[PDB]
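Q: Structure file protein-v7.cif (mmCIF, C-alpha atoms) is given on the next line.
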```
data_input
#
loop_
_atom_site.label_atom_id
_atom_site.label_comp_id
_atom_site.auth_asym_id
_atom_site.auth_seq_id
_atom_site.Cartn_x
_atom_site.Cartn_y
_atom_site.Cartn_z
CA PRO W 1 75.73 121.92 25.99
CA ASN W 2 78.27 124.46 27.26
CA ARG W 3 78.20 126.46 24.01
CA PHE W 4 75.68 129.29 24.37
CA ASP W 5 74.47 132.01 22.01
CA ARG W 6 71.72 134.54 21.36
CA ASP W 7 69.48 132.35 19.19
CA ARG W 8 69.31 129.40 21.60
CA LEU W 9 68.53 131.57 24.62
CA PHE W 10 65.95 133.65 22.76
CA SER W 11 64.19 130.49 21.58
CA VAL W 12 64.32 129.04 25.11
CA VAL W 13 62.80 132.12 26.73
CA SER W 14 60.23 132.27 23.92
CA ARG W 15 59.05 128.73 24.69
CA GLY W 16 58.88 129.44 28.42
CA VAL W 17 60.52 126.32 29.86
CA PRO W 18 62.71 126.90 32.95
CA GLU W 19 64.43 123.51 32.85
CA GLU W 20 66.58 124.57 29.87
CA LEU W 21 67.98 127.61 31.71
CA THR W 22 70.49 125.46 33.62
CA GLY W 23 74.08 125.94 32.51
CA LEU W 24 74.17 129.72 32.12
CA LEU W 25 75.79 130.10 35.54
CA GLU W 26 78.92 128.13 34.66
CA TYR W 27 79.29 129.68 31.20
CA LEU W 28 78.94 133.25 32.48
CA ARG W 29 81.27 132.62 35.44
CA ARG W 30 83.88 131.01 33.17
CA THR W 31 83.76 133.76 30.53
CA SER W 32 83.35 136.55 33.14
CA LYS W 33 80.95 138.20 30.68
CA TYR W 34 77.69 139.80 31.78
CA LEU W 35 74.40 139.15 29.99
CA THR W 36 73.91 142.92 29.84
CA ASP W 37 76.75 143.18 27.31
CA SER W 38 75.96 144.21 23.73
CA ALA W 39 76.93 140.68 22.65
CA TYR W 40 73.79 138.99 24.00
CA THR W 41 71.49 141.81 22.86
CA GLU W 42 70.29 142.41 19.33
CA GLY W 43 72.69 144.76 17.58
CA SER W 44 70.08 146.78 15.71
CA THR W 45 67.38 147.66 18.24
CA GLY W 46 68.92 146.56 21.54
CA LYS W 47 66.22 144.10 22.57
CA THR W 48 67.17 141.93 25.52
CA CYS W 49 66.03 138.56 26.86
CA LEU W 50 63.32 139.96 29.15
CA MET W 51 61.65 141.81 26.29
CA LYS W 52 61.56 138.61 24.23
CA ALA W 53 60.16 136.73 27.22
CA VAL W 54 57.34 139.20 27.91
CA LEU W 55 56.22 139.83 24.31
CA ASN W 56 55.07 136.20 24.16
CA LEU W 57 53.11 135.16 27.24
CA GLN W 58 50.81 132.14 27.49
CA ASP W 59 47.62 133.45 29.17
CA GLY W 60 49.81 135.52 31.47
CA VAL W 61 52.61 133.17 32.55
CA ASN W 62 56.31 132.98 31.74
CA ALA W 63 58.15 130.75 34.20
CA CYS W 64 61.56 131.69 32.76
CA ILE W 65 61.32 135.29 33.99
CA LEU W 66 61.95 134.71 37.68
CA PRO W 67 64.97 132.36 37.23
CA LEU W 68 66.28 134.87 34.70
CA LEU W 69 66.01 137.51 37.43
CA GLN W 70 68.01 135.43 39.92
CA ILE W 71 70.71 134.61 37.36
CA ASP W 72 70.66 138.36 36.70
CA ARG W 73 71.19 139.86 40.14
CA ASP W 74 73.38 137.02 41.42
CA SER W 75 76.14 138.18 39.03
CA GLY W 76 75.39 141.44 37.22
CA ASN W 77 76.49 145.00 36.52
CA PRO W 78 75.41 147.88 38.83
CA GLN W 79 72.36 148.21 36.56
CA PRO W 80 71.51 144.53 36.10
CA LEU W 81 69.49 143.86 32.95
CA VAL W 82 66.41 145.67 34.28
CA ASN W 83 67.64 149.25 33.84
CA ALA W 84 68.70 148.52 30.26
CA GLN W 85 66.44 149.58 27.40
CA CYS W 86 66.48 149.70 23.60
CA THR W 87 69.05 151.79 21.74
CA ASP W 88 67.55 152.28 18.26
CA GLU W 89 66.23 155.74 17.42
CA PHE W 90 62.68 154.48 16.84
CA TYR W 91 62.32 152.66 20.19
CA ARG W 92 64.86 154.71 22.17
CA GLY W 93 64.30 154.44 25.93
CA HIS W 94 61.70 151.66 25.71
CA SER W 95 62.27 149.25 28.60
CA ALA W 96 60.80 145.90 29.63
CA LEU W 97 58.47 147.48 32.20
CA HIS W 98 56.81 149.43 29.38
CA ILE W 99 56.20 146.10 27.62
CA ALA W 100 54.77 144.66 30.84
CA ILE W 101 52.33 147.57 31.15
CA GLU W 102 51.45 147.38 27.44
CA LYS W 103 50.64 143.65 27.62
CA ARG W 104 48.18 144.42 30.46
CA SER W 105 49.84 141.95 32.81
CA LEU W 106 50.14 143.07 36.43
CA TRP W 107 52.05 139.97 37.60
CA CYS W 108 55.14 140.65 35.49
CA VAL W 109 54.89 144.31 36.50
CA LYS W 110 55.14 143.18 40.12
CA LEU W 111 58.04 140.86 39.31
CA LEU W 112 59.98 143.64 37.58
CA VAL W 113 59.35 146.25 40.28
CA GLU W 114 60.05 143.89 43.22
CA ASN W 115 63.61 143.21 41.99
CA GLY W 116 64.48 146.85 41.34
CA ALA W 117 63.21 148.86 38.38
CA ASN W 118 63.43 152.58 37.65
CA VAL W 119 59.80 153.69 37.37
CA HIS W 120 60.78 156.85 35.52
CA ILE W 121 62.60 155.58 32.38
CA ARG W 122 61.86 158.41 29.94
CA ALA W 123 61.32 156.60 26.62
#
```
Step by step, read the file and then write its structure as C-alpha cells.
A:
Amino acid sequence: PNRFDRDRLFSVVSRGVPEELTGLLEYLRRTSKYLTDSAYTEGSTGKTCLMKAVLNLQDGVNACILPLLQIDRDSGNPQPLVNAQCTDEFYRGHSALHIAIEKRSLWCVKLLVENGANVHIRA
C-alpha cells in the first residue's frame, strides 16, 4: 500500500472517495518529492490531479478535493499545485480554476479561491 503512482491516484480522485487518500503523507515525506513535480503530472499535456478531480463531478460534489488541498499546502512548493497549469501548446495556461468556471460549479470555485489562486492566469 506504500507504493504510489499516477494511475492509482488519478483513478482514486476520479471515483471521489476520500478514504483512499490516506498514505500520501508518509510517501511524500519519505521521498521528499512534491506532487507538483512533472513526475505526478501527465507528460504530454501537463494535467494534474485537481483537473482530473473536477472534470468528473457527481451532481456537483468531489469530496477528495478538500483533503487534496490540505495535503497540498501542508507540504508544497511556493506555488502549491493551484498555480500550476497545463504545458501543451494547445491548452497552454489552462488552470483548474478555468475548469471550475467551465463546469458551472461555484462551490469548487470557492474552494480553489479560498486556499489561494491567481485570478489572472492568462491562458
Q: Using all atoms listed in the file, find the one residue out of W:114, W:20, W:59, W:74 that sits nearest to residue 35 (chain W).
A: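 Result for the nearest residue to residue 35 (chain W): W:74.
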Q: Which residue gives the smallest distance to residue 46 (chain W) among W:81, W:25, W:86, W:71, with all atoms listed in the file counted?
A: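 Counting all atoms listed in the file, the residue closest to residue 46 (chain W) is W:86.
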Q: Starting from the displayed file, determine the output of the PyMOL selection byres ((chain W and resi 8-14) around 9) and express the residue list as a VMD selection string.
A: chain W and resid 4 to 7 15 to 18 20 to 21 48 to 50 52 to 57 62 to 65
Q: Keeping only C-alpha atoms, write the selected residues as a short mmCIF file (atom, residue, chain, number, x, y, z; two decimals), in the frame of the given file.
A:
```cif
data_model
loop_
_atom_site.label_atom_id
_atom_site.label_comp_id
_atom_site.auth_asym_id
_atom_site.auth_seq_id
_atom_site.Cartn_x
_atom_site.Cartn_y
_atom_site.Cartn_z
CA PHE W 4 75.68 129.29 24.37
CA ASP W 5 74.47 132.01 22.01
CA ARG W 6 71.72 134.54 21.36
CA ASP W 7 69.48 132.35 19.19
CA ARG W 15 59.05 128.73 24.69
CA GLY W 16 58.88 129.44 28.42
CA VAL W 17 60.52 126.32 29.86
CA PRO W 18 62.71 126.90 32.95
CA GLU W 20 66.58 124.57 29.87
CA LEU W 21 67.98 127.61 31.71
CA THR W 48 67.17 141.93 25.52
CA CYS W 49 66.03 138.56 26.86
CA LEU W 50 63.32 139.96 29.15
CA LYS W 52 61.56 138.61 24.23
CA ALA W 53 60.16 136.73 27.22
CA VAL W 54 57.34 139.20 27.91
CA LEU W 55 56.22 139.83 24.31
CA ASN W 56 55.07 136.20 24.16
CA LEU W 57 53.11 135.16 27.24
CA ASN W 62 56.31 132.98 31.74
CA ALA W 63 58.15 130.75 34.20
CA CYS W 64 61.56 131.69 32.76
CA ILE W 65 61.32 135.29 33.99
#
```
Q: Considering only C-alpha atoms, state which residue in the set W:77, W:105, W:95, W:31 is at the smallest distance from residue 119 (chain W).
A: W:95
Q: Show me, as a PyMOL selection string, the residues that have an atom within 12 Å of residue 79 (chain W) when counting all atoms listed in the file, minus same-chain residues fewer than 2 positions from it.
A: chain W and resi 34-37+72-73+75-77+81-85+115-118
Q: Just the number, please: distance in Å from CA of residue 23 (chain W) to CA of residue 96 (chain W), one decimal.
A: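 Straight-line distance from CA of residue 23 (chain W) to CA of residue 96 (chain W) works out to 24.1 Å.
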Q: Evaluated on this file, the PyMOL selection byres ((chain W and resi 2) around 9) picks out some residues - which ones are they, written as JSON, numbers by chain?
A: {"W": [1, 3, 4, 23, 24, 26, 27]}
